[PDB]
Amino acid sequence: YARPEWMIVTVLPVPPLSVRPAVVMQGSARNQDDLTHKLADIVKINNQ
Amino acid sequence: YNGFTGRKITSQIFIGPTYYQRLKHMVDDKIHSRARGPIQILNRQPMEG
RNA sequence: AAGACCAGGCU
């Protein structure tokens, strides 16, 4: 159920859209959740 | 004197003019009821307010 | 939309 090397992050889970819903605004744009912005930063730095 | 029967009231009641204030709080602005209305987006639970 | 601050009410 729990092995010590699993406590080190190798694969980072991405929560579904339900966990981090987009903010509907008048139909013109979506604002994005804090989780979405943090994941964007993480993906950018991982790609770099 | 009793308004309903016209008989005197045994006790003598203290009466007189006093300055009274109506307050902002009214029941029409406070009464509220809910049955399967709007649902919160994230929790899928009933709205607040 | 959502978040923030503020003010007030009933204990």
Side-chain angles (χ1 to χ4, degrees):
Chain A
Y1 289 135
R3 193 69 75 93
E5 76 265 1
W6 296 351
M7 291 191 315
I8 292 169
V9 178
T10 298
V11 176
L12 186 64
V14 175
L17 295 173
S18 297
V19 176
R20 44 181 182 88
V23 173
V24 179
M25 260 295 290
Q26 297 174 333
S28 61
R30 278 65 164 268
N31 291 328
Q32 300 290 19
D33 189 24
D34 299 349
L35 276 186
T36 303
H37 292 297
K38 200 66 171 173
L39 291 171
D41 295 346
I42 288 171
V43 172
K44 290 173 183 175
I45 294 154
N46 193 38
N47 289 337
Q48 294 185 342
Chain B
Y1 294 74
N2 193 345
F4 304 113
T5 58
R7 188 191 180 282
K8 293 191 178 80
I9 296 171
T10 299
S11 296
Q12 297 89 17
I13 289 100
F14 180 77
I15 208 165
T18 312
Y19 195 75
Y20 256 65
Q21 296 165 327
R22 185 178 184 179
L23 299 184
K24 174 180 70 180
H25 313 288
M26 290 156 222
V27 63
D28 283 340
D29 293 342
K30 291 180 174 180
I31 181 170
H32 174 57
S33 161
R34 166 77 182 194
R36 296 198 305 260
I39 276 291
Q40 189 166 351
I41 176 55
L42 187 136
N43 288 331
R44 274 177 167 81
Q45 291 186 344
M47 283 288 190
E48 171 172 19

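Residue numbers start from 1 in every chain, and the chains themselves are labelled A, B, ... in the order their sequence lines are given, proteins ahead of strands. All heavy atoms count here, side chains included; hydrogens, waters and symmetry mates do not.
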Would you kindly give the CZ-to-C1' distance between A:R20 and C:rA1, to the nearest whole Å? 18 Å

Length of the CE-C1' vector between A:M25 and C:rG3, whole Å: 12 Å

Given side chains that start at C-beta, do those of A:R20 and A:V14 come closer than 4.5 Å, heavy atoms only? yes

Write down the atom of B:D28, the atom of B:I31, and the distance for their closest heavy-atom approach. O-CG2, 3.8 Å

May I have the distance from B:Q40 (atom CD) to C:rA2 (atom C1'), rounded to whole angstrom? 10 Å

Smallest separation among heavy atoms of A:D33 and A:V19, with atom names: OD2-O, 4.3 Å

note: B:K24, atom NZ; C:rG9, atom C1'; distance rounded to Å ~ 8 Å

Give the rounded distance in Å between these two atoms: CD of B:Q21 and P of C:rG9. 14 Å

Give the rounded distance in Å between these two atoms: CG of A:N31 and P of C:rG3. 13 Å

The side-chain contact (heavy atoms from CB on, under 4.5 Å) partner of B:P38 among B:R36, B:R34, B:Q40 is B:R34

Whole angstrom is fine here: how far is it from NE2 in A:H37 over to P in C:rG3? 14 Å

Report the distance from atom NZ of B:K30 to atom P of C:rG8, rounded to the nearest whole Å. 15 Å

5'-most contact on RNA chain C: B:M47 or B:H25, nearest heavy atom basis? B:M47

